[PDB]
Amino acid sequence: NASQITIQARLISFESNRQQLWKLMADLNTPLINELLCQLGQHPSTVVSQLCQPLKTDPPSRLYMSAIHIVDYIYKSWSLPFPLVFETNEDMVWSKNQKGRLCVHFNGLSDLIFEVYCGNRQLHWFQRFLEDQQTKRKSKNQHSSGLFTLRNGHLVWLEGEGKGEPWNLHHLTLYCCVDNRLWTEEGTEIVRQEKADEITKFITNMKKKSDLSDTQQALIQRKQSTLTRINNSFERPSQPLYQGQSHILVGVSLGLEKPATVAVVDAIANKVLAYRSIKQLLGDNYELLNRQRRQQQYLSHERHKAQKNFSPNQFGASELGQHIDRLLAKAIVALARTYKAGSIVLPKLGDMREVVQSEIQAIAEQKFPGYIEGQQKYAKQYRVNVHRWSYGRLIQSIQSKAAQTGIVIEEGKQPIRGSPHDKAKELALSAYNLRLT
RNA sequence: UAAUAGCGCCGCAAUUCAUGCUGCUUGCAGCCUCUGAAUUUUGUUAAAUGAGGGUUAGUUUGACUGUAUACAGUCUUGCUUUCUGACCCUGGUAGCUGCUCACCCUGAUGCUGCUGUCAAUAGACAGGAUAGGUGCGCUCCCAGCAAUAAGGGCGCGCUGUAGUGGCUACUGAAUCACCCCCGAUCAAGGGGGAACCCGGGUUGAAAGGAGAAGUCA
DNA sequence: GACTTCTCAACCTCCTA
DNA sequence: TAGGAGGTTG
Numbered sequence: 000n001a002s003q004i005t006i007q008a009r010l011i012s013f014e015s016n017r018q019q020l021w022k023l024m025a026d027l028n029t030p031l032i033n034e035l036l037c038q039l040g041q042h043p056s057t058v059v060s061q062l063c064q065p066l067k068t069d070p076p077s078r079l080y081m082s083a084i085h086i087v088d089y090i091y092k093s094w278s279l280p281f282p283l284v285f286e287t288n289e290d291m292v293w294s295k296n297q298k299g300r301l302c303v304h305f306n307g308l309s310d311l312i313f314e315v316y317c318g319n320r321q322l323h324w325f326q327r328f329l330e331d332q333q334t335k336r337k338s339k340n341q342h343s344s345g346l347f348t349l350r351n352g353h354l355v356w357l358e359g360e361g362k363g364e365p366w367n368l369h370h371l372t373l374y375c376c377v378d379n380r381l382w383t384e385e386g387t388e389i390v391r392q393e394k395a396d397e398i399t400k401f402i403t404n405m406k407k408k409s410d411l412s413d414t415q416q417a418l419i420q421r422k423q424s425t426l427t428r429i430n431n432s433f434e435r436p437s438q439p440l441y442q443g444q445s446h447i448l449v450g451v452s453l454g455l456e457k458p459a460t461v462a463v464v465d466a467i468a469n470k471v472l473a474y475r476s477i478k479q480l481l482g483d484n485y486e487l488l489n490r491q492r493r494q495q496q497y498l499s500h501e502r503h504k505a506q507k508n509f510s511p512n513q514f515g516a517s518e519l520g521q522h523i524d525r526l527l528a529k530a531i532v533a534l535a536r537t538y539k540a541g542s543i544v545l546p547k548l549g550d551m552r553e554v555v556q557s558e559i560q561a562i563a564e565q566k567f568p569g570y571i572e573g574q575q576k577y578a579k580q581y582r583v584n585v586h587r588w589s590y591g592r593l594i595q596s597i598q599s600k601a602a603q604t605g606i607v608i609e610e611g612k613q614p615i616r617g618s619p620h621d622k623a624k625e626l627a628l629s630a631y632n633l634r635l636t
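Quick note, the first sequence lines up with residues 0 to 43, 56 to 70, 76 to 94, 278 to 636 if you use PDB author numbering.
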């Protein structure tokens, strides 16, 4: 699931409650470090479960389980404590304070009621969590847990500049992972379909082998309980999702001179419905692209100047590149949705060094026809000014936005040469040609 | 005193276009009114970019419902970012750390560069982001430096007190989004104005997917 | 900071209120 | 009886 998103909010409680939480978070981060050395040594994560059992009594029943999950994630990789991650829809017990504000009541923290401070841009998510738990409560456990839009969340701390306090210094911040497709009823239908198929496959696979007479029956019981409860739905808003025209393919072309260009082209026909260039996708946000290029030049010169012995290089850095890589994805997806596009085509990220090198060469021979010295000099001067874009965050942001809206993404092969509009059109057509296979 | 030239950018002009407009003939035909694209050629334009360091639980970007992408209704919380304004500053004082250096010569993706006044010492003091060059920046150029790229020479294995940096602690100013006043700042809002529009509104906007750990750049 | 992997329960099952 | 906290699992 690439459609799922993460929301955040700041929690606000008394000084005493924060004190208890800080003490427990320290008493939980201290032993999980000890669990690491024990865990890592034996391998050269199922055994980890009974590995923590002796560690239980050494120094929050649901919270000791939490540290187990974090380690498993680190292993498979190959004064703030670590976040307390809640890998359960039902770990948090939402409520509404007497003053109307929401509250969170964590499972292991019986007396720790935090007040939820968030933004109105995303208060509807917390209200949805509340309504979901309330709907389960009204139905008396007759709704499957797969559909409360709240997959998991982890509580983190944050740094402050007061420099005078153990926790008054630090700010709580809740990070709930919420499946965006789980908001509308029609999307929850597809989510229910996929989850039912997964449950069927998993139960068939597990029935095909033999397990313990009690754990196997209990897990299978939960499976059919989920299958029974999942058919009863919630009173969620209805939206017609997205239709998608198969023949219409929005082709997106990445380069150096133009950071990104698009081409809405028919595939059954051979006509381009409408091109858009980088100056036209970024409506009134083009000065942002220019100043980001200037900043990426300045920061690269500074990084080169710093050489080997340096102070931290984030001086003057920002997330302007990310803001532009999101403004661009929003515009590209909106353009796709306007023309009923069924898919957005993106270049393979692997072919993004060869493409930029070839584009630099093409510009060089375009300026200096055969004067090789001038071509090399201009290539150097161009690489000085027009730095390489960040073609990873852009492809990722488009993948997120399109998946959220409902537009599937395919990948083709960007042509080596030609005008950026022609490159985009031919990429889009090549994608359809390969889809025909 | 000098900044030629070069490259990126930004507009301003032309020209050809269509990603545009109109016409139906529905894919052709005109054109350039708009919206843009592509060349090349300009820098007057109060034309458009750009313009040191900071300052808001800042405004807008919102949800659902009914109707037809709009409007009406209801709810709304201050999270993380990005711009634009506006404002403030160009800092103390007290410790500590890092680097560099006998001298020349080359002069680096090196350093520094604003006004005014006083001295005309090398610095103060008042202003202050229009801050060396050009419409705007640069790893380019220019002026001074250059021991703090690199290399070359060359005194007695040293030349070492200065030049630059970093850090902590307590501090200074602005704690803002029409303006002021009193608050809050693990929360908390209230009060008083003014302009504009028609007792109500307005008095800038945007975007969010997080975390972990590696691989590096 | 910017690129690369990786994660995104759930009904059961007691046990106090 | 309805939450609260644990419990377990490919």
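C-beta atoms are modelled at their ideal positions from N, C-alpha and C, and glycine is treated no differently.
For this session: Tell me whether the beta-carbon of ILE11 lies closer than 8 Å to the beta-carbon of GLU364.
Result: For the purposes of this step, residue 11 is taken as the residue at position 12 of the first sequence. For the purposes of this step, residue 364 is taken as the residue at position 165 of the first sequence. Taking a C-beta distance under 8 Å as the contact criterion, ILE11 and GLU364 do not qualify as a contact pair.
Exercise. Where does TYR474 sit, in a helix, a strand or coil, going by DSSP?
Worked result: Residue 474 sits at position 275 when you count from the first residue of the first sequence. Annotated three-state conformation of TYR474 is strand, per DSSP.
For this session: Answer with buried or exposed for residue 73, where buried requires no fewer than 16 other C-beta atoms within 10 angstroms of its C-beta.
Result: Structure remark: the chain lacks residues between 70 and 76, so residue 73 is without coordinates.
For this session: Can you grab the Cα-Cα spacing for the pair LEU322 / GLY549, in whole Å?
Result: As a working note, residue 322 is residue 123 in the first sequence. As a working note, residue 549 is residue 350 in the first sequence. Rounded to the nearest angstrom, the gap between the Cα atoms of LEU322 and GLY549 is 39 Å.
For this session: Determine the direct distance from the alpha carbon of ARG592 to that of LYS579, and round the result to whole angstroms.
Result: Position 380 of the first sequence, counting from 1, holds the residue named residue 579. Position 393 of the first sequence, counting from 1, holds the residue named residue 592. Cα to Cα, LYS579 sits roughly 25 Å from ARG592.
For this session: Excluding the 5 residues preceding and the 5 following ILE559 in the sequence, name in chain order all residues of the same chain whose CB lies nearer than 8 Å to its CB.
Result: Numbered from 1 along the first sequence, position 360 holds the residue referred to as residue 559. So the list reads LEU455, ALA578, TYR581, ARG582, once near-sequence residues are dropped.
Exercise. Excluding five sequence neighbours on each side, which residues of the same chain lie with their C-beta closer than 7 Å to the C-beta of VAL59?
Worked result: Looking up residue 59 in the first sequence gives position 48. Answer for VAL59: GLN38, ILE84, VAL87, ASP88, listed in chain order.
Exercise. When the distance is taken between beta carbons, is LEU488 closer than 8 Å to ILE531?
Worked result: Numbered from 1 along the first sequence, position 332 holds the residue referred to as residue 531. Numbered from 1 along the first sequence, position 289 holds the residue referred to as residue 488. Not closer than 8 Å, so no.
Exercise. Is the beta carbon of residue 640 less than 8 Å from the beta carbon of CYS302?
Worked result: The first residue shown for the chain is 0 and the last is 636, placing residue 640 beyond what the model contains.
For this session: Tell me, to the nearest whole angstrom, how far the beta carbon of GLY345 is from that of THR425; I am working on the premise that it is less than 8 Å.
Result: Walking along the first sequence from the start, residue 345 turns up at place 146. Walking along the first sequence from the start, residue 425 turns up at place 226. Yes, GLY345 and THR425 are in contact; Cβ-Cβ is about 7 Å, under 8 Å.
Problem set entry | Between the CA atoms of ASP465 and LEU472 - distance to the nearest angstrom | For the purposes of this step, residue 472 is taken as residue 273 along the first sequence, with counting starting at 1. For the purposes of this step, residue 465 is taken as residue 266 along the first sequence, with counting starting at 1. As the crow flies, the alpha-carbon of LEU472 is around 7 Å from that of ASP465.
For this session: Would you mind working out which of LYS612, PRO619, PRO568, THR403 sits nearest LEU626, comparing C-alpha positions?
Result: The residue you call residue 626 lines up with position 427 of the first sequence. Checked all of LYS612, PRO619, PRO568, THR403; the closest Cα to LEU626 is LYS612.
Exercise. Taking Cβ positions, are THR334 and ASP378 nearer each other than 8 Å?
Worked result: By 1-based counting over the first sequence, the position of residue 334 is 135. By 1-based counting over the first sequence, the position of residue 378 is 179. Contact flag unset, no.
Exercise. Sorted by chain position, which residues of the same chain lie with C-beta nearer than 6 Å to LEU31's C-beta, five sequence neighbours on each side aside?
Worked result: The count along the first sequence starts at 1 and reaches residue 31 at position 32. So the list reads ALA83, once near-sequence residues are dropped.
Problem set entry | Proximity to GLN423 [Cα-Cα], best of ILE389, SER445, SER343 | By 1-based counting over the first sequence, the position of residue 423 is 224. The option with the nearest alpha carbon to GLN423 is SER343.
For this session: Output the distance between the C-alpha atoms of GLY573 and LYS624, rounded to the nearest integer angstrom.
Result: Sequence index remark: in the first sequence, residue 573 carries index 374 (1-based). Sequence index remark: in the first sequence, residue 624 carries index 425 (1-based). Rounded to the nearest angstrom, the two C-alpha atoms are 32 Å apart.
For this session: State buried or exposed for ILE608, treating a residue as buried only when at least 16 other CB atoms are found within 10 Å of its CB.
Result: To locate residue 608, count along the first sequence from 1; it is residue 409. So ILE608 counts as buried.
For this session: Would you kindly work out how many angstroms separate the C-alpha atoms of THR399 and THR383, rounded to a whole number?
Result: Locating residue 399 in the first sequence gives position 200, counting from the first residue. Locating residue 383 in the first sequence gives position 184, counting from the first residue. The C-alpha of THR383 is placed about 24 Å away from the C-alpha of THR399.
For this session: Have a look at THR604, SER2, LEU27, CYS63 and flag the residue whose alpha-carbon is nearest the alpha-carbon of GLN442.
Result: Residue mapping note: residue 442 aligns to position 243 of the first sequence, counting from 1. It is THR604 whose Cα lies nearest to the Cα of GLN442.
Problem set entry | Own chain, CB closer than 7 Å to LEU527, minus 5 neighbours either side, in chain order | Counted from its first residue, the first sequence places residue 527 at position 328. Answer for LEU527: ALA459, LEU480, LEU481, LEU593, listed in chain order.
For this session: Return the CA-CA distance between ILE467 and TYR590, expressed in angstroms with no decimal places.
Result: For the purposes of this step, residue 467 is identified with residue 268 of the first sequence, where counting begins at 1. For the purposes of this step, residue 590 is identified with residue 391 of the first sequence, where counting begins at 1. So the alpha carbons of these two residues sit roughly 30 Å apart.
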